[PDB]
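Worksheet: one structure, shown below.
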Amino acid sequence: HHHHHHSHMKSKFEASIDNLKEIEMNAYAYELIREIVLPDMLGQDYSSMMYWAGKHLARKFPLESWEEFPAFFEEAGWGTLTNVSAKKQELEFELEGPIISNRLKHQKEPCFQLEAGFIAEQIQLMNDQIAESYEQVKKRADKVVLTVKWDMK
Amino acid sequence: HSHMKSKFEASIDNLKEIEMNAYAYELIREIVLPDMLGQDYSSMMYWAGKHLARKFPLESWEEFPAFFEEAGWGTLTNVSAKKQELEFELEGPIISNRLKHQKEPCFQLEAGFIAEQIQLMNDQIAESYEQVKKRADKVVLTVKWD
């Protein structure tokens, strides 16, 4: 895996959204965009495109350490991310919440490639000695499990 | 396109009372989404608005403001009703932040939604036109039919 992972600057707009964390909206409005409008426009390519959008997003919103993942996920409305395993070359998280529960109940196969790509890219941005990573998104009854593991280069 | 929701699409109604902050919303709608729809973001979003309208039908245009508010699209006001036309203004804190920092804010989803709702109402060809007015901190959406 020969690639130098590095972050890049946010635009003025991208930086400005931090100031909107205190403005209240609702999860219906959120799903309307993320889980209706987007899949409607992207169709069969939605999964691969979200994966790479997750990596692209990581580059704009780089974090400094693994411990920061849960807070980012929660604030981003991606759900509650709990660590089940944290080993030298493997991370496993549970991800859940009312929006996710509704997806698991009513969608054939919910997609979490945005989240998977984001974590994979963050891990690489933080450590230039990481070669390639592999991600798994496993559906359970009331939650999903995100697993990212990797080799050293 | 289609006027029937999937079971999941119908289910998001019971998320209307679940909280979500505006940062999370803008992260998906104004950062992730445009990066997946580059140059021709506008045609896609216009179509998507129509596609949405067909499965979220509204009986009258007087219902547009409530729909916009709940959908987090902003505060929509009808400001005129000239011959074969309706003019709306769209504004609010999230929109203001877009107008302040974005080179070319885009409201084609909203425009397509209004166009198709009207077309389904009167069975005549309708289209919507957008004008961002930074100096008045608002967007004007005008829908015309023939």
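Please order A:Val144, B:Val140 by the number of other Cβ within 10 Å, starting at the fewest. Please list the in-between numbers first.
Details: A:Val144 22, B:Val140 17.
Going from least to most buried by this count: B:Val140, A:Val144.
Springs between alpha-carbon atoms under 10 Å, Gaussian network over chain B: tell me which of B:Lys100, B:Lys83, B:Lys134 tops the mean-square fluctuations.
So, out of B:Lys100, B:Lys83, B:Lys134, the one fluctuating most is B:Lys83.
Can you put B:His3, B:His101 in order of Cβ neighbours within 10 angstrom, beginning with the fewest?
Details: B:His3 10, B:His101 16.
Going from sparsest to densest Cβ surroundings: B:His3, B:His101.
Compute the signed sum of charges (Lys and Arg +1, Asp and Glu -1) over the other residues within less than 9 Å, Cβ to Cβ, of B:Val143.
Details: positive: B:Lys144; negative: B:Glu85, B:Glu87, B:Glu127.
With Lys, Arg at +1 and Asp, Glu at -1, the neighbours total -2.
What ³J(HN,Hα) values, in whole Hz, does the Karplus curve 6.51 cos²θ - 1.76 cosθ + 1.60 give for the range A:132-149 when θ = phi - 60°, with x put for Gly and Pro?
My calculation for the range A:132-149 gives 10, 10, 9, 10, 10, 10, 10, 8, 10, 4, 10, 6, 10, 10, 9, 10, 10, 9 Hz in order.
Between B:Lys55 and A:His2, how many nm apart are label points set 7 Å from Cα along the C-beta direction?
4.6 nm
Under 10 Å, Cα contacts only: if you run a Gaussian network model on chain A, which one of A:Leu32, A:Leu95, A:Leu81 comes out with the highest mean-square fluctuation?
Sorting by GNM fluctuation, first place goes to A:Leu32.
Cut-off is 10 Å between beta-carbons; in what order do A:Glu35, A:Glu14, A:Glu109 appear when sorted fewest neighbours first?
Ascending Cβ contact count within 10 Å gives the list A:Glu109, A:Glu14, A:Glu35.
Please build a GNM for chain B, connecting alpha carbons under 10 Å apart, and tell me which residue among B:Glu19, B:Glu62, B:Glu70 fluctuates the most.
B:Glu19
Calculate one ³J(HN,Hα) per residue across the range B:120-129 by plugging θ = phi - 60° into the Karplus curve 6.51 cos²θ - 1.76 cosθ + 1.60, and present them in order as whole Hz with x for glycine and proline.
With coefficients 6.51, -1.76 and 1.60, one gets 6, 6, 10, 6, 10, 5, 10, 9, 10, 10 Hz.
List the residues, sorted by chain then number, that are 5 or more residues from B:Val132 or on another chain and whose placed amide H is less than 5 Å from its amide H.
Here the answer is B:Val140, since their amide H atoms fall under 5 Å of that of B:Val132.
Using Cα pairs under 8 angstrom and six or more residues apart, how large is the relative contact order of chain A, in percent? List each step's numbers first, then the result.
On the way: 201 pairs, mean separation 40.7, N = 153.
Computed value for chain A: 27 percent relative contact order.
What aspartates and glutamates sit close enough to A:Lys138 to cross-link, taking a C-alpha to C-alpha distance under 16 Å and skipping anything fewer than 8 places away on the same chain?
Partners within reach: A:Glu90, A:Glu92, A:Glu94, A:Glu96, A:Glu109, A:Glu115.
Do any GluC sites (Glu not before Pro) in the range A:38-140 lie in a loop, going by DSSP, with at most 12 other beta-carbon atoms within 10 Å of their beta carbon, and if so which?
Numbers: sites: A:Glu64, A:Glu67, A:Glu68, A:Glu74, A:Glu75, A:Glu90, A:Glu92, A:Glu94, A:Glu96, A:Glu115, A:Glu121, A:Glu132, A:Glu135; in loops: A:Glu64.
The qualifying sites are A:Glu64.
From the cross-link list A:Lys88/A:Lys153; A:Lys105/B:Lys5; A:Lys10/A:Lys149, which pairs have alpha carbons spaced over 20 Å apart? List each step's numbers first, then the result.
On the way: A:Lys88/A:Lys153 14 Å; A:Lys105/B:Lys5 16 Å; A:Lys10/A:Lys149 28 Å.
Table pairs above 20 Å Cα-Cα are A:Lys10/A:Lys149.
Hey, what number do you get for the protein assembly as shown at 222 nm if only DSSP H runs of n ≥ 4 count, each worth -39500 (n - 2.57), divided across all residues, to the nearest 500? Write out the running numbers ahead of the final one.
Values: 14 runs with 120 residues, N = 299.
Rounded to the nearest 500, it is -11000 deg cm²/dmol.
With every atom except the alpha carbons ignored, what do you get for Rg and Dmax of the range B:85-125, in angstroms?
13.1, 39
Strictly greater than 20 Å: what percent of every Cα pair in chain A meets that? Please report the intermediate quantities before stating the final value.
Values: 5982 of 11628 pairs.
For chain A, the share of Cα pairs beyond 20 Å comes to 51 percent.
Short version: ³J(HN,Hα) in whole Hz for each residue of the range B:79-96, in order, from phi by Karplus 6.51 cos²θ - 1.76 cosθ + 1.60 (θ = phi - 60°), x for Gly and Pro, what are they?
10, 7, 9, 6, 4, 6, 7, 9, 10, 10, 10, 10, 8, x, x, 5, 5, 4
Under a straight-distance cross-link criterion of Cα-Cα below 17 Å, which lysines are reachable from A:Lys12, leaving out those fewer than 8 residues away in the same chain?
Candidates past the 8-residue exclusion: A:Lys21, A:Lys60, B:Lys100, B:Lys103, B:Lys134.
Whose amide H sits under 5 Å from the amide H of B:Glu127, counting only residues 5 or more places off or on another chain, with H placed in the peptide plane?
For B:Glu127, whose amide H was placed from the backbone, the distant partners under 5 Å are B:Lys144.
Neighbour counts are summed over all protein chains in view; Cβ atoms, including those assigned to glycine, are modelled from backbone coordinates with ideal geometry. Every read-out reported here was derived from the displayed coordinates using simple, explicitly stated rules and does not represent laboratory data.
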